[PDB]
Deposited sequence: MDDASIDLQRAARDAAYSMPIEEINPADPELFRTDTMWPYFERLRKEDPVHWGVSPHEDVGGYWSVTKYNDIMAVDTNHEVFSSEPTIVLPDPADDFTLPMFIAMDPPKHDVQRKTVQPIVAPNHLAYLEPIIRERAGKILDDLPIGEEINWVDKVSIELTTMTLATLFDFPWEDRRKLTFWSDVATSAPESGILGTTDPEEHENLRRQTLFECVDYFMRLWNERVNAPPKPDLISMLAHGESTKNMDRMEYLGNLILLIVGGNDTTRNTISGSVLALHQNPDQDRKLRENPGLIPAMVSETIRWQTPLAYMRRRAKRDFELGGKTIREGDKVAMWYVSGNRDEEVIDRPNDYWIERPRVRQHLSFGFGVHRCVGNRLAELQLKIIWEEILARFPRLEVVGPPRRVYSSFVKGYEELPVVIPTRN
């Protein structure tokens, strides 16, 4: 089908021309063969994009390589940004994800409370109630865009719930403040930090909900295993977060000359940590291109990163999705995917815009 044509085109073409950051590979879902080939023949790979903002950059495609970059913030700087294209000046709000340790470590401490375990324990029964209602309102035996009707709805609910937003003069004035800045974003320390949490927990949680549904459509063996024993939901949530890799990569910038995969990454070079490709390294992961809930070491995966920038919201994400999926199995014995998805046109955000689903029956 498509996956074969791309395998042909990828192994055929001259390896230096492989530009993994092409967003048209990620939307057509044809990017796996390119990454597989690099993983073998050119693990640390110099490529060039047609786009200026990007230009030439290193693709780090293997698990251990990626870790060596992620964990080493002395050499590999999260400044000035963490996406490939260099910063404009549309949005100058201070993101601590694109800040380096001393300054970075301080700002992070300001958000660790809001995602602390005793606060998660407060939120759980609320998230569950609220998820329960969103799901009780879905239509039965009628086709819906799962992304708009379920993933966005549930994702919006969680973020609202996290910050006790509306869903009174100061509570209301803060929401409005936040809504303002989030709109501008799409088109000042503590405010950025709060905007980062929202941005960093929106499309990632969204896409993992849409992801799960497709994964189970593609593996009816593993749907059965899940509905038979619901104790496997946290496993399934892990394996989806690997399988789907909502943030495909994160970039860094070398502060000195550095040797990785026997190649000299030069000072000031851009380095793309391809988590999407590292999550499928045969060398570290058994049966990497298999949706496998009961795979051993289900938790060992790159999708939340490693090192000082490791997703601060990882346990909230896993608790959100756990509750969501408890509540989904309770209500719907089938989530039949009736048409092919329509994927986001980005090599950063690996996600869905459309996912046609029918829910036949309830309870």
Report task. Could you name the stretches of the deposited sequence that have no C-alpha atoms in this structure? Result -> 1-6, 174-204, 225-249
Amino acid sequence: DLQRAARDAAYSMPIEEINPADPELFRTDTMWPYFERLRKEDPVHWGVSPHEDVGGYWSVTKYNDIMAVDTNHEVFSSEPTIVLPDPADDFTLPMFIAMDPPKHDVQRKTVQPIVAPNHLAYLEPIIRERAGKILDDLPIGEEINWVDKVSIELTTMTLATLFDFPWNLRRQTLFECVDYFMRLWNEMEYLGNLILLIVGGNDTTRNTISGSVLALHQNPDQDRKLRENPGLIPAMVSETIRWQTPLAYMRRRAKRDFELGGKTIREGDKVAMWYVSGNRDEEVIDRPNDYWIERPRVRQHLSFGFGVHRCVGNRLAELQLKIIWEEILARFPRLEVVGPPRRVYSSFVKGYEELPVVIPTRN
From here on, numbers count along this sequence of modelled residues.
Report task. Would you tell me which stretch averages the higher CA B-factor in the PDB entry, 312-320 or 49-57? Result -> 49-57
Query raised in the report: Comparing 86-94 with 138-146, where is the mean C-alpha B-factor higher?
Result: 86-94
Query raised in the report: Based on the PDB record, which member of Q107, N202, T81, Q218 exhibits the highest Cα temperature factor?
Result: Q107
Query raised in the report: For the listed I152, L191, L247, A160, which has the peak Cα B-factor recorded in the PDB entry?
Result: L191
Requested in this report: Divide the modelled residues of the chain into thirds by Cα B-factor and specify which third, lowest, middle or highest, holds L196.
Outcome: middle
Query raised in the report: Against its chain's modelled residues, does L329's Cα B factor rank lowest, middle or highest third?
Result: lowest
Requested in this report: Comparing against every modelled residue in the chain, figure out the third that the C-alpha B-factor of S277 lands in (lowest, middle or highest).
Outcome: lowest
Query raised in the report: Against its chain's modelled residues, does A5's Cα B factor rank lowest, middle or highest third?
Result: highest
Report task. Can you work out whether the C-alpha temperature factor of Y291 puts it in the lowest, middle or highest third of the chain? Result -> lowest
